[PDB]
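Before any questions on how it binds or moves, here is one chain, the form deposited without its partner chain, in structure tokens.
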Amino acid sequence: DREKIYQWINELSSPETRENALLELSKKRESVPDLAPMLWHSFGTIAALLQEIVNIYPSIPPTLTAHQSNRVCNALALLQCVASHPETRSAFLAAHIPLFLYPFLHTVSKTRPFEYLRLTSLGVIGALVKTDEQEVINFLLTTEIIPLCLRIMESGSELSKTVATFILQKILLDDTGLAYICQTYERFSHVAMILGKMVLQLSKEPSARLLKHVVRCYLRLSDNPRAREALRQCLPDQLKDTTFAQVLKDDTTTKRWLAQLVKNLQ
């Protein structure tokens, strides 16, 4: 596998062999555990994945085709592999690699090629926050991903909403993330206002997974005393009434989180 990896890495340099090498290296992410440092330390490799991404910035009127999106999504998945490896993560953050994905989190395009990109880019960020490492939490705080997550949570696909809510949740769950969001009223209210709108949309178009993650964000906010005092007055009716009785019928975890949340507010 190692010899194939170096050949494919080299084959990224000619445009006739480039796509096939991207797809082949991507297939090795599930089976070669050292693939991330191999990619990170091979001269030019990261630069070649980043080139795939910036080459579609001009495609954001939206002109991205499915072929173009599938190719970049494999570059993104290779970068997710690098984000996930303990030996390469700190340098990925030190090189600000995440900032390259933010245009894909930011576009409002509704085409399916931009949905595949948005989901894979959220996947890269989600792989970082899944580590719960402070370094990751503080980097994302300083780089303004929360406004990007909020806009996606507010009007993305159900699956995009879920991953973005998960990212915001992992930041809320950290003590520094919770303190940061509750440090000013404008920060806290932007998050709570977004969560309230989502609760209203969910009442019309229910999703159990998305409701669970929304409820986790509310539960965690009530650990902060100023957020607790605001949610005493503004917690959506729909989290206390029969709005989600049908959807919660089998979810013991969310019902227990909602009970804990109401108890917290007193």
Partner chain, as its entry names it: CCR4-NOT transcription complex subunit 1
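Positions refer to the first chain, counted from 1.
FYI, the form solved in complex with its partner chain isn't displayed, but the following is about it.
Residue contact with its partner chain in the deposited complex: residue 193 places no heavy atom within 4.5 Å of it.
With a 4.5 Å cutoff on heavy atoms, residue 206 does not count as touching its partner chain in the deposited complex; it lies far away. Heavy atoms of residue 47 reach within 4.5 Å of its partner chain in the deposited complex, making it an interface residue.
For the chain shown alone, residue 238 is not a contact residue for its partner chain in the deposited complex, no non-hydrogen atom being within 4.5 angstroms.
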